[PDB]
Structures are given as C-alpha cells and as structure tokens.
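> Contents of my_file_34.txt (compact mmCIF, C-alpha atoms and all ligand atoms):
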```txt
# COMPACT_ATOMS: atom_id res chain seq x y z
CA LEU C 3 106.03 54.58 146.35
CA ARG C 4 105.97 54.77 150.11
CA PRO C 5 108.37 57.04 151.94
CA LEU C 6 110.59 55.13 154.37
CA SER C 7 109.29 57.21 157.30
CA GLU C 8 105.77 56.02 156.43
CA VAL C 9 106.62 52.32 156.65
CA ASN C 10 105.14 51.96 160.16
CA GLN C 11 106.73 48.63 161.10
CA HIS C 12 106.88 48.76 164.92
CA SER C 13 105.89 52.37 165.58
CA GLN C 14 103.51 51.69 168.45
CA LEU C 15 105.91 49.17 170.07
CA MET C 16 108.63 51.83 169.99
CA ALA C 17 106.24 54.34 171.57
CA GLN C 18 105.37 51.82 174.35
CA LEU C 19 109.07 51.26 175.09
CA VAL C 20 109.70 55.02 175.31
CA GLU C 21 106.72 55.44 177.63
CA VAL C 22 108.13 52.74 179.92
CA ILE C 23 111.45 54.56 180.05
CA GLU C 24 109.84 57.92 180.73
CA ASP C 25 107.57 56.55 183.48
CA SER C 26 110.34 54.55 185.11
CA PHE C 27 113.03 57.27 184.94
CA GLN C 28 110.58 60.13 185.58
CA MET C 29 111.82 62.28 182.75
CA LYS C 30 110.99 63.21 179.17
CA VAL C 31 113.46 61.99 176.54
CA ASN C 32 115.45 64.43 174.43
CA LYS C 33 114.56 63.27 170.96
CA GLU C 34 117.24 65.66 169.63
CA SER C 35 120.11 64.04 171.42
CA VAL C 36 122.76 61.63 170.27
CA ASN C 37 122.01 59.35 173.23
CA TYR C 38 118.33 59.06 172.26
CA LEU C 39 119.04 58.61 168.54
CA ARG C 40 121.50 55.81 169.37
CA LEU C 41 119.05 54.18 171.80
CA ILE C 42 116.34 54.03 169.16
CA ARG C 43 118.81 52.79 166.56
CA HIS C 44 119.95 50.09 169.00
CA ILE C 45 116.39 49.01 169.71
CA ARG C 46 115.50 48.89 165.99
CA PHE C 47 118.49 46.68 165.29
CA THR C 48 117.98 44.52 168.38
CA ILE C 49 114.49 43.80 167.06
CA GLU C 50 116.15 42.50 163.86
CA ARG C 51 118.63 40.28 165.74
CA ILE C 52 115.83 38.85 167.86
CA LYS C 53 113.72 38.05 164.77
CA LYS C 54 116.66 36.25 163.15
CA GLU C 55 117.80 34.47 166.37
CA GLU C 56 121.29 35.97 166.06
CA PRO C 57 123.62 36.35 169.04
CA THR C 58 125.84 39.43 169.55
CA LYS C 59 129.61 40.13 169.80
CA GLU C 60 129.56 40.23 173.63
CA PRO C 61 133.07 41.56 174.31
CA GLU C 62 134.29 43.86 171.56
CA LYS C 63 131.25 46.02 170.85
CA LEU C 64 130.78 46.71 174.58
CA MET C 65 134.15 48.49 174.41
CA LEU C 66 133.22 50.78 171.52
CA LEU C 67 129.79 51.50 173.01
CA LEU C 68 131.39 52.79 176.21
CA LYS C 69 134.04 54.72 174.25
CA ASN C 70 131.29 56.47 172.33
CA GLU C 71 128.98 57.12 175.30
CA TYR C 72 131.48 57.97 178.03
CA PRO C 73 134.77 58.83 176.37
CA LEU C 74 136.22 60.58 179.43
CA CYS C 75 135.46 57.65 181.74
CA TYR C 76 136.57 55.14 179.09
CA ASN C 77 139.89 56.83 178.48
CA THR C 78 140.45 57.38 182.22
CA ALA C 79 139.89 53.58 182.76
CA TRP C 80 142.60 52.89 180.17
CA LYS C 81 144.93 55.41 181.87
CA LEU C 82 144.52 53.48 185.15
CA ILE C 83 145.17 50.23 183.28
CA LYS C 84 148.32 51.71 181.71
CA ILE C 85 149.70 52.48 185.18
CA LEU C 86 148.73 48.98 186.38
CA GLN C 87 150.57 47.39 183.45
CA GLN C 88 153.65 49.54 184.05
CA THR C 89 153.84 48.62 187.75
CA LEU C 90 152.39 45.11 188.02
CA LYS C 91 153.88 43.98 184.67
CA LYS C 92 151.08 41.56 183.89
CA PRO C 93 148.70 41.65 180.96
CA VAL C 94 145.27 43.15 181.52
CA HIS C 95 142.10 41.62 180.08
CA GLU C 96 140.18 44.39 178.32
CA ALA C 97 137.04 43.48 180.36
CA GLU C 98 138.77 45.30 183.25
CA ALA C 99 138.48 48.53 181.22
CA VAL C 100 134.71 47.96 180.92
CA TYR C 101 134.38 47.43 184.70
CA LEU C 102 136.51 50.45 185.57
CA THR C 103 134.56 52.67 183.13
CA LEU C 104 131.29 51.66 184.74
CA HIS C 105 132.64 52.31 188.22
CA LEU C 106 133.85 55.79 187.16
CA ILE C 107 130.64 57.09 185.49
CA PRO C 108 128.91 58.12 188.79
CA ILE C 109 131.92 59.79 190.45
CA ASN C 110 131.65 63.28 188.91
CA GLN C 111 127.87 63.83 188.78
CA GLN T 11 148.72 46.93 200.05
CA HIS T 12 149.54 49.04 196.95
CA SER T 13 149.12 52.28 198.83
CA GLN T 14 151.20 54.59 196.66
CA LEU T 15 149.82 52.96 193.51
CA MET T 16 146.29 53.55 194.77
CA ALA T 17 147.05 57.21 195.53
CA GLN T 18 148.40 57.72 192.02
CA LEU T 19 145.32 56.11 190.50
CA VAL T 20 143.06 58.42 192.54
CA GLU T 21 145.17 61.44 191.46
CA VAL T 22 144.61 60.43 187.78
CA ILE T 23 140.85 60.21 188.35
CA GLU T 24 140.85 63.60 190.06
CA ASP T 25 142.76 65.21 187.17
CA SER T 26 140.74 63.65 184.42
CA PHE T 27 137.41 64.70 186.06
CA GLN T 28 138.80 68.04 187.32
CA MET T 29 137.55 67.35 190.81
CA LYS T 30 138.81 66.39 194.23
CA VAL T 31 137.37 63.17 195.64
CA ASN T 32 136.15 63.47 199.22
CA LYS T 33 138.33 60.90 201.04
CA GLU T 34 135.83 60.86 203.89
CA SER T 35 132.95 59.66 201.75
CA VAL T 36 131.25 56.53 200.46
CA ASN T 37 132.34 57.71 197.00
CA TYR T 38 136.01 57.22 197.84
CA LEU T 39 135.38 53.87 199.61
CA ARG T 40 133.46 52.39 196.70
CA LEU T 41 136.11 53.53 194.26
CA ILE T 42 139.07 52.09 196.10
CA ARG T 43 137.33 48.77 196.70
CA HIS T 44 136.63 48.30 193.00
CA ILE T 45 140.14 49.30 192.02
CA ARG T 46 141.60 46.87 194.57
CA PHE T 47 139.57 44.01 193.02
CA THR T 48 140.94 44.99 189.59
CA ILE T 49 144.48 44.93 190.97
CA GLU T 50 143.88 41.55 192.57
CA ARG T 51 142.51 39.99 189.37
CA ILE T 52 145.46 41.39 187.39
CA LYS T 53 148.11 40.23 189.86
CA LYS T 54 146.61 36.74 190.20
CA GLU T 55 145.97 36.53 186.43
CA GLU T 56 142.32 35.67 187.00
CA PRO T 57 139.81 36.11 184.12
CA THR T 58 136.16 37.05 184.53
CA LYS T 59 133.09 35.76 182.75
CA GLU T 60 132.23 39.19 181.34
CA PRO T 61 128.52 38.47 180.60
CA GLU T 62 127.74 37.22 184.13
CA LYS T 63 130.03 39.79 185.74
CA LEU T 64 128.39 42.68 183.96
CA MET T 65 124.91 41.49 184.94
CA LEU T 66 126.04 41.49 188.57
CA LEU T 67 127.77 44.89 188.30
CA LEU T 68 124.78 46.52 186.61
CA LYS T 69 122.19 45.04 188.98
CA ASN T 70 124.12 46.42 191.96
CA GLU T 71 125.43 49.75 190.57
CA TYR T 72 122.70 50.67 188.07
CA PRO T 73 119.61 48.99 189.46
CA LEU T 74 117.06 51.38 187.94
CA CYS T 75 118.55 51.18 184.47
CA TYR T 76 119.09 47.41 184.66
CA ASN T 77 115.60 46.64 185.93
CA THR T 78 114.09 48.95 183.30
CA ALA T 79 116.15 47.22 180.59
CA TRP T 80 114.72 43.86 181.74
CA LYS T 81 111.16 45.26 181.51
CA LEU T 82 111.88 46.37 177.94
CA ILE T 83 113.40 43.01 177.02
CA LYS T 84 110.29 41.25 178.31
CA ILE T 85 108.08 43.49 176.14
CA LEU T 86 110.27 42.74 173.12
CA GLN T 87 110.15 39.01 173.76
CA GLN T 88 106.37 38.95 174.21
CA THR T 89 105.78 41.14 171.16
CA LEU T 90 108.19 39.34 168.83
CA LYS T 91 107.55 35.82 170.19
CA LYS T 92 111.24 35.01 170.10
CA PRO T 93 113.92 34.19 172.64
CA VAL T 94 115.95 37.12 173.92
CA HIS T 95 119.49 36.51 175.22
CA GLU T 96 120.69 37.91 178.61
CA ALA T 97 123.43 39.87 176.87
CA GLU T 98 120.66 42.03 175.39
CA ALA T 99 119.72 43.21 178.89
CA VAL T 100 123.35 44.29 179.31
CA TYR T 101 123.62 46.23 176.06
CA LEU T 102 120.23 47.89 176.61
CA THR T 103 121.20 48.89 180.15
CA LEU T 104 124.38 50.55 178.79
CA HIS T 105 122.23 52.59 176.32
CA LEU T 106 119.85 53.65 179.13
CA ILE T 107 122.51 54.89 181.61
CA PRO T 108 123.09 58.13 179.72
CA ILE T 109 119.31 58.71 179.34
CA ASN T 110 118.70 58.44 183.10
CA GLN T 111 121.79 60.20 184.39
CL CL V 1 132.55 60.45 180.14
CL CL V 2 141.60 40.44 176.55
```
Just dump the structure as structure tokens.
Ligand SMILES: [Cl-]
Ligand SMILES: [Cl-]

Amino acid sequence: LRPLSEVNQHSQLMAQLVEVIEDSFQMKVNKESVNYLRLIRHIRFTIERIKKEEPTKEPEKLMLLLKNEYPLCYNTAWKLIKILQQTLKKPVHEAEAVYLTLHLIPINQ
Amino acid sequence: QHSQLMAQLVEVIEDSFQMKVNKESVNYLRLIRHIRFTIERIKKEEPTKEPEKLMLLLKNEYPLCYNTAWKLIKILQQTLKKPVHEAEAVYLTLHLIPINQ
C-alpha cells in the first residue's frame, strides 16, 4: 500500500500557490500555525468543489470562518449589533456582523 | 445623528480591544463611517447582496489579500480547467487576511 502522504495529487500546484503568497505578501508562511493548516485545508477542498462544479454556502459558513479566525472581532461585532437591536428595535441581517467584523480587524494592529 | 449611540459603540470597541481609539485619526473616521452605514441599513430595513458587497469591501479594505486571492483563483482555474465562482475569491481572501496581517 501507499501511505496517504505519498499520494502526490497536487503537490506542485500547492507549492506554486504558496510561493505566490510568499512573494506577494513578502513573508514566509508558518507551516506550524492553525491559520496555515486551515488555508491549505481550504485550498485542498476548494480544488474538490471546483472539480465537481459545486457551489458553496455563501452566507452561513462565512460567519463560522470569521468566528474561528477572529473571535474577538467577531464577538465585538455581535456586541455592537446587540446594542443596535436594543436601541433601534429592528431586526439585523447577520451579514452586518460579517461587515462589522471585517471593519474591526485592522483597528488594533 | 445617533451621537450617544455612536459613543457607546466606540466605548465597546475600546474595551474589547483594550485600547483607546485616537479620535483625531483616520482610524476613528473610517470606523464611524462604516458604523453609520450599518445603522442606516438597519433603520431603513435595507438588505445587502452579501456576495457583491463583500467583493467591494475586500477590494477596498484588503486590496493585497483580495488581489492575491484572485491570482490564486486564476491559477486554480487554469490548472483544473473548470469554472471558478466569484464567491471563491471571497472565501480565499478571508483565509489570507490572517496570513498577511
Ligand atoms: Cl480577533
Ligand atoms: Cl439574516
């Protein structure tokens, strides 16, 4: 049998993508990190979706992605939304939490 | 106007990030403008088209990550010989933000 790690499906494609990221961002990736591991996992599964011509779950999985990557910004967005609901007394589309999260990420760097 | 509301929202941000926002900075201006658009869309009960809106937000706020995501998507398309949907550029951008920053 062939070890899974030795099934070299798209190994050189993956390496090309990483080189593009490293050149463009002018850094070296941390192959140890959760962010890198999840990036590679995302790419591997995106390859599968592309091969099968599958769409994605546009709204809902964006939420969880941001909750996992930027929990402080994500939860802060929801705290702002809580206050908006309490004062303005209108419903809030969860897309607003996505926008707020993205606007918060740069603030404390 | 929502002046007191805005001040409370900024206080929450400051607490959560354990920082004080410089009120005499582009940082504060950008923040308050975005928040005011959120308020306006909530009050007027106006939905967004999240796919198109996110592409616009990312292009303008995360140009390096977004443009790099598009380069990667083009490589994937050309290698796999399949269509790639615009939403993929969005999801890939969101995975790149924490790599770059
Ligand atoms: Cl965070
Ligand atoms: Cl909703």
> Show which residues sit within 10 Å of residue 57 of chain C, as a list in words. Count all atoms listed in the file, and ignore same-chain residues fewer than 2 positions away.
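Here the answer would be residues 48, 51, 52, 54, 55, 59 and 60 of chain C; 94, 95, 97 and 98 of chain T.
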> From the set T:69, T:105, T:59, T:46, which residue has the shortest atom-to-atom contact distance to chain C, counting all atoms listed in the file?
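Answer, going by the shortest atom-to-atom distance: T:105.
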> To one decimal place, how far is atom CA of residue 64 of chain C from atom CA of residue 101 of chain T in Å?
7.3 Å
> What residues in chain C lie within 9 Å of chain T, counting all atoms listed in the file, written as a ChimeraX atom specification?
/C:15,18-19,22-23,26-29,31-32,37-38,40-41,44-45,48-49,52-55,57-58,60-61,64,67-68,71-72,74-75,78-79,81-82,85-87,89-95,97-98,100-102,104-106,108-111
> Of the candidates C:62, C:9, C:25, C:107, which shows the shortest atom-to-atom distance to ligand CL 2 (chain V), using all atoms listed in the file?
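Counting all atoms listed in the file, the residue closest to ligand CL 2 (chain V) is C:62.
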> Have a look at C:73, C:96, C:88, C:63 and name the one nearest to ligand CL 1 (chain V); count all atoms listed in the file.
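Using all atoms listed in the file, ligand CL 1 (chain V) sits closest to C:73.
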> When distances are computed from all atoms listed in the file, which of C:17, C:24, C:12, C:65 shows the smallest separation from ligand CL 2 (chain V)?
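Of all the options, C:65 lies closest to ligand CL 2 (chain V).
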